[PDB]
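A structural walkthrough
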Amino acid sequence: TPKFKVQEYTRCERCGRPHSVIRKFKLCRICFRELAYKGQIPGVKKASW
Amino acid sequence: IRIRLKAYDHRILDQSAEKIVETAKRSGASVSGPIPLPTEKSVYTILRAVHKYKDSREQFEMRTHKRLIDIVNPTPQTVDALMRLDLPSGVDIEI
Amino acid sequence: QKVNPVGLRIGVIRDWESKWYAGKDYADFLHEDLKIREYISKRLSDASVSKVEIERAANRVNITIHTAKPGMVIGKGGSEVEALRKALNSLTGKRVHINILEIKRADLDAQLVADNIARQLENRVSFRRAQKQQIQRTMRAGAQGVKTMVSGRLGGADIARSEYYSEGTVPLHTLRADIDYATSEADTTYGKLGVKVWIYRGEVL
Amino acid sequence: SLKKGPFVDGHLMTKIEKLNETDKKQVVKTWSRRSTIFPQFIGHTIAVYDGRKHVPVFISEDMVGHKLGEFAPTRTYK
Amino acid sequence: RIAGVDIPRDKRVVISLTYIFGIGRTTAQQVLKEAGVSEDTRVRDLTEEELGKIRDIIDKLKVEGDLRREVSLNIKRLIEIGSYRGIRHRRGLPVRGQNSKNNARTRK
Amino acid sequence: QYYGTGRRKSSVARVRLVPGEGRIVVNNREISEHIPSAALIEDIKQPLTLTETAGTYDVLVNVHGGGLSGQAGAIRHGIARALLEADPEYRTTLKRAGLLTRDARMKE
Amino acid sequence: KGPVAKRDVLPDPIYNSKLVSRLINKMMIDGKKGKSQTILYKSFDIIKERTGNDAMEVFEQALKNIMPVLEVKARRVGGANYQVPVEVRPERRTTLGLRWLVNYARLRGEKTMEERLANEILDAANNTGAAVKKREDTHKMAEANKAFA
RNA sequence: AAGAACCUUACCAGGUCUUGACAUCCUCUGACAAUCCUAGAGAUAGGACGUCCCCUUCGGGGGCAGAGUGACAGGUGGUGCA
RNA sequence: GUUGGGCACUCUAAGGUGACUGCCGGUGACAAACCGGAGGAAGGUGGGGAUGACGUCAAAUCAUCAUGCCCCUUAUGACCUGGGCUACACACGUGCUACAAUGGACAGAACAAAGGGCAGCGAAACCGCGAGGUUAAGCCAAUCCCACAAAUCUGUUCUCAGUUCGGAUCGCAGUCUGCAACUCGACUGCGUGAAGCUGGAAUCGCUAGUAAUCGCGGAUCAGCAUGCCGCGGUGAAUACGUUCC
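Residue labels used throughout are counted from 1 along each chain in written sequence order rather than taken from the entry, whose numbering may differ, and residues without coordinates are not included. Lettering for chains starts from A, numbering for ligands starts from 1, and both go in the order in which the items are written. What is shown is a subset of a larger assembly, and the numbers refer only to that subset. The side-chain quantities take in all heavy atoms of the structure and omit both hydrogens and water.

In terms of determination method and resolution, the entry is listed under cryo-EM at 3.10 Å.

The condition that has to hold: UniProt positions are given in the numbering used here, feature names are shortened, and annotations may be inferred rather than shown by experiment.
As named in the PDB entry, chain D is 30S ribosomal protein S19, taken from Bacillus subtilis subsp. subtilis str. 168. The record for the entry shows the title "Rnase R bound to a 30S degradation intermediate (main state)". Its UniProt record gives chain D the following Subunit comment, quoted word for word: "Part of the 30S ribosomal subunit." UniProt, in its Sequence similarities section for chain D, records the words "Belongs to the universal ribosomal protein uS19 family."

Looking at the PDB entry, one finds chain C named 30S ribosomal protein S3 and attributed to Bacillus subtilis subsp. subtilis str. 168. Annotation of chain C in UniProt includes, under Sequence similarities, the sentence "Belongs to the universal ribosomal protein uS3 family."

Take a look at the structure:
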């Protein structure tokens, strides 16, 4: 719970890890990739391009 | 009446529009048949830097497929029949 | 290493668990889903549930929890279900539904299979044996291939090294081949061991 | 910003305005290296934290408009 | 000779004024505009009247030793407070937050 | 009038031949204004020259996309494809010059 | 295994010469064919204003004098180090014609390229200058080691 | 790991706390709390001001909080020849 | 298109078609093939992506994460404030911008694609030299906004100069962002004007919309781009041949 608004930083809302976070999903590259695979991420499939 | 449908699977989105059009045509109102609207392509590129500058790419993609359904000369039964129809979990029915 | 078979076969032959459109609610509706499935795991750690399909409809959130023990899942008069719902109703915020179907032949689903082997390795059933029960059960179930692997300090053996008993075919070359995959971790008194389980279940034509 | 005017920590500006009531006298210790030197500071010695110790910087006329941390170099190198 | 500087004869006026310390392109442009004189005319092809007018405009600007001194008293001022920038001035290192590890050679 | 869609790169030219005097008017301008290069203009006329219909038809193109070279190729391709609607006898002479092939060289 | 076909360039629109186009593409820098189409049409107006002849009469004459007949090719079978006299294929003649024309035109002292290219063509046409010399040079060298082949 | 001013940040200097930042409880069950006053550099403070959880067959319990409580909790501190 | 105007055309995107040795000549086992010829947008493995087998280094990661055995456990936990991560004798790697005229400055026309935008994009209007501020149109959207291109081309000047080349660096003006830009932001005024007159040995890669060159958008993101990832614009040279490796 940071003091000012600037200090507040995007953290992986599942991991808790504060890195690499995708604003659309609030996930780091890791937690996302894993869940993407399993297919729990409504319409996000792996691409070929 | 103007309906906009949005989905992640174009199959269920077509099966939706079929019913939306068929329910309006059994209701008797003239339909502008489902306009295909420019499908949105959000691509997510997770890079894992190797030797710093080379970087194994992995791309994911979300497609929002869109359909526009105008209903001309609308009817009481139409307005009802539209609310009666159950468009699936993967479609957004905007009126 | 390798591509996750499911990873590359979703929206192709297999489907989304999370069946729902949502624009500005995406993250809300998503992280909710993450609780729901993480809850039903911790709750039903022994009910043989895998494909916890989650649908959505403003405030009518439906959870289909496909289960190989459906008689066990419901409980004594929907006892387990109703208690499950009220927590989820108090956690999520919505009208959490509980439609339930069965996982007929648990050895077809690779999560359940890999979960079965997850326990055997905890209770110190020889890596050797653990898999072979599954393998043969999966064969009789009616599966064209299986590739159980267990990897880690196997039997407390100081040196960790991997042991895989593979039958049939694992056609990863075929995008239309239904390769199920499921990983699991086996925490014994010497670290953890990796249950990886592939299952080709006939072509999707 | 430059329309808002020069910056100074209100915690510090209070301390120095108390000394401006009297005649300089006390020497203020602060961590506000970011505070601009105003004309009111002139004549004072300000103890400014350089990351480990407080550096006593006497405030002259030419130091007005600069920050306090301009006179308390944080990195040691010869 | 303008502001005590022999501006070249062959090149255009605008260019010849860029040599005058304290005058650049845009200063030379608004000098000659304020002089009410063509900026395409040449120094060798100017008039002594026009020179006078150009010279009168440039007297309002701080140029040459006047400007060199203004700049030099600032070097004084920073080494007269031991400011970060002061020390960076006397050490011959970058003063505005440029890195030193590499790409600092102008100063070093 | 005889219609024919051309495409090169991201350009898409809606060519239309009308009975005229060999004027190419693209988006309500003379081709010289729209396409500067002479080399490009010659190449745009290349289907009209080989059928010897330069001075037979007024070309009324509607182009959108790509650049000046691109826009050329699509017009060329669309003239060629318009001529085929004018006279199916031209197919042989056009096809020999490679004008009926759509240049599908996209970016990599 | 089978000789790749060379790219079929268009004819130069005003001289109807695929040679002149090939010059443009040789002169073109950073895909600025415009700059090179201008430069040549500027250079050929300079040739026509000076000589009075058509630029095509001069340019073809210029190429004749630059275009090599025999070239040195390194052969190191066992020892050898033989500079095998090789006859320049008719396509490689024009290649080396236009390459040298452009390469030496850029090196000339004249201020603008349109003048530099014009003067190198005018010098080449008079059987002189540097690009003609370069052909001679390799022939003098090919004549020097002519005992191999 | 070319989106480090603070935050991030893990390091340093100086201040600062010890079921401890956080954590299952063990419970007692309060409101929790904003708050704005006084310091402070801020934390840590001390405190003006400000405490109704709701259901309750009206007990208790889901709590959340403090205090207690109890092992611990938490460690970016070792071992990738576990 | 601004409006009336079915909707033609372009586009948008669902479903189909299409390409093969199917066909016709040679050649050849009458076959296969090979060599050509038609027709077609496509010629003989349509073009890009994606999707591999068993292996090895007790390779690297207990700093993504988890983790047996340890260790710490009023501290090797934790909290704040300031600082450092941005030091620089120097080196190893990656890239940007120049080393001018096939330019610079200067004016006049241009012609893209893709992606993003509501806690946002912000029209226009309005002020400033500009960066910016003003107030705010319309719009979660093929509808409104960011973008609405730069190279180029038409002019048009300087004249091969360390320069109207180049802009480093430093001094002085400000503008946003944030609590705060001193160490430690970006950007714009104004002045300053470094090195560099295109770099050897050596070395790496690349057969076409490629090399090269030019702008644009996005992710991360209060602000911060000479990086990354898209996207288009312009667009080459060359492959003789199996000689040596």
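**Comments concerning the overall build of chain C**
Stated precisely, the cut-off is as follows: Helix and strand assignments come from DSSP, with helices taken as H or I runs of at least 4 residues and strands as E runs of at least 2, each series counted from the N terminus. Our radius of gyration is a C-alpha quantity, and the globule rule it is checked against amounts to 2.2 Å times the number of residues to the power 0.38. Each residue is assigned to one of three classes by its accessible area relative to the maximum for its type, calculated with a 1.4 Å probe on protein chains only: buried under 20%, partly exposed between the two thresholds, exposed over 50%. Whether two residues are in contact is decided by their heavy atoms: any pair within 4.5 Å suffices. Positive charge is attributed to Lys and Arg, negative charge to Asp and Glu, and no charge count is given to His or to the chain ends. For charged residues, the charge sits on one atom: NZ in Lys, CZ in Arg, CG in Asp, CD in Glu.
Per the secondary structure count, chain C includes six helices and seven strands. Ordered by position from the N terminus, the helices and strands of chain C form the series α-β-α-β-β-α-α-α-α-β-β-β-β. Relative to the globule expectation of 17 Å for 205 residues, the C-alpha radius of gyration of chain C, 18 Å, shows essentially globular dimensions. With the C-alpha coordinates of chain C rotated into their principal frame, the extents come out at 50 × 40 × 30 Å. Among the 205 residues that make up chain C, the fraction classed as buried is 46%. Pairs at least 24 residues apart make up 60% of the contacts formed inside chain C by residues separated by at least 6 positions. On chain C, the mean spot of the 34 positive side-chain charges and the mean spot of the 25 negative ones are 2 Å from each other.

**Some details on the sheet that holds strand β2 (residues 11-19) of chain F**
Residues and elements named next belong to chain F. Put simply, the rule is: Two strands are said to pair when DSSP picks up at least two bridges between them. Here an angle of 0 to 180 degrees is reported between the N-to-C directions of two axes, which are lines fitted to C-alpha atoms, with helices fitted over the stretch in contact.
Across the sheet, which stays open at both edges, the four strands sit in the order β1-β2-β4-β3 with mixed pairing between neighbours. In the strand order of this sheet, the two ends are held by β1 (2-8) and β3 (24-26), each with one partner. On average, each strand axis in the sheet is inclined to that of its neighbour by 20°, with strand direction left out of account. Bridge analysis of β2 against strand β4 (residues 57-64) gives six bridges, and the strand direction is antiparallel. Along β4, the bridge assignment pairs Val 18 with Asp 58. Helix α3 (residues 68-86) contacts β1, β2, β3 and β4 of the sheet and is inclined by roughly 150° relative to β1.

**Overview of the sheet that holds strand β2 (residues 49-55) of chain C**
Residues and elements named next belong to chain C. Sheet architecture is open: three strands sit in the order β1-β2-β3, paired in mixed fashion. Sheet topology places β1 (18-19) and β3 (62-67) at the edges, where each strand pairs with a single neighbour. Pairing of β2 with β3 involves five bridges; the strand directions are antiparallel. Looking across to β3, one finds that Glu 55 is bridged to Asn 62.

**Quick look at the state of the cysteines**
Residue and element names in this part refer to chain A. The cut-off we apply is this: Pairs of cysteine sulfur atoms within 2.5 Å are what we label disulfides.
A complete count under the given rule lists two disulfides over all chains for this structure. Note that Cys 12 is cross-linked by a disulfide to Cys 15, the S-S spacing being 2.1 Å. Between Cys 12 and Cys 15 the disulfide shows an S-S torsion of about 45°. By sign, it is right-handed. Assessed through its relative accessible area of 32%, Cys 15 is described here as partly exposed. In this model, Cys 15 is linked to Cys 31 through a disulfide, with the two sulfur atoms separated by 2.1 Å. Of this pair, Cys 15 sits in the segment before α1 (29-38) while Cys 31 is found in helix α1, placing the two residues 16 residues apart along the sequence. Overall, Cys 31 belongs to the buried group, its relative accessible area being 9%.

**Considering the interface of chain C and chain B**
Condition: Defined here as a combined quantity, buried area equals the accessible surface (1.4 Å probe) lost by two parts on assembly, summed across both. Salt bridge, as used here: a side-chain nitrogen of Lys or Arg that lies within 4 Å of a carboxyl oxygen of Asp or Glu. Residues adjacent in sequence count toward polar contacts only when both atoms are side-chain atoms; beyond that, a polar contact is any pair of N or O atoms within 3.5 Å, and within protein one must be able to donate a hydrogen and the other to accept it. Residues are grouped as follows: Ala, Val, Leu, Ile, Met, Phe, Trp, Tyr, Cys and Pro are nonpolar; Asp, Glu, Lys and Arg are charged; every other residue, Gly included, is polar.
Counting from both sides, the interface comprises seven residues of chain C and, opposite them, eight residues of chain B. Between chain C and chain B, the buried area comes to about 630 Å², and carbon and sulfur atoms account for 57% of it. Summed over the three residues of chain C that lose the most area to chain B, namely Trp 20, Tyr 21 and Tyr 26 of chain C, the buried surface amounts to 74% of that side. Viewed at the interface, chain B and chain C are joined by zero salt bridges. At the surface where chain C touches chain B, the tally comes to three residue pairs in polar contact. Looking at side-chain class alone, the side of chain C that touches chain B contains four nonpolar, no polar and three charged residues.

**Details of the UniProt feature "domain: KH type-2" in chain C**
Mapped onto the present numbering, the UniProt feature "domain: KH type-2" falls on residues 36-104 of chain C. Here residues 36-104 of chain C is 39% helix and 19% strand, with 23 Å between the C-alpha atoms at its ends.

**Remarks on helix α2 (residues 38-50) of chain F**
Defined as follows: Multiplying one less than the number of residues by 1.5 Å gives the expected span of a helix. The seven residues ending at a residue and the seven starting there each receive a fitted axis; the angle between those axes is the bend at that residue.
For α2 of chain F, built from 13 residues, the straight-helix expectation of 18 Å at 1.5 Å per residue is met to within 8% by its first-to-last C-alpha distance of 18 Å. If you look at α2 of chain F, its biggest bend is around 40°, right at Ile 44 of chain F, and the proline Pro 47 of chain F turns up within four residues after that. Taken together, the buried positions of α2 of chain F are occupied by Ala 39, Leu 40, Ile 41, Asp 43, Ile 44, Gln 46, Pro 47 and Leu 48 of chain F. Looking at the packing, one finds that the buried side of α2 of chain F touches β3, α1 (31-34), β4, α3 and α4 (91-96) of chain F together with α2 (33-51) of chain G. A positive phi of about 60° marks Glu 52 of chain F, the residue just after α2 of chain F.

**Details of the protein's contact with RNA strand H**
Counted only if it meets this: Throughout this document, a residue counts as near a molecule or strand when at least one of its heavy atoms sits within 4 Å of that molecule or strand.
With respect to spatial proximity, 15 residues lie near RNA strand H, and among them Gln 7 of chain A, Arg 153 and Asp 158 of chain C together with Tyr 49 and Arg 52 of chain D are the closest. Those atoms of RNA strand H that come within 4 Å of the protein belong to sugar or phosphate at a rate of 59%. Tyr 49 of chain D places a side-chain nitrogen or oxygen 2.7 Å from a base nitrogen of RNA strand H. Split by residue class, the surface near RNA strand H holds four nonpolar, five polar and six charged.

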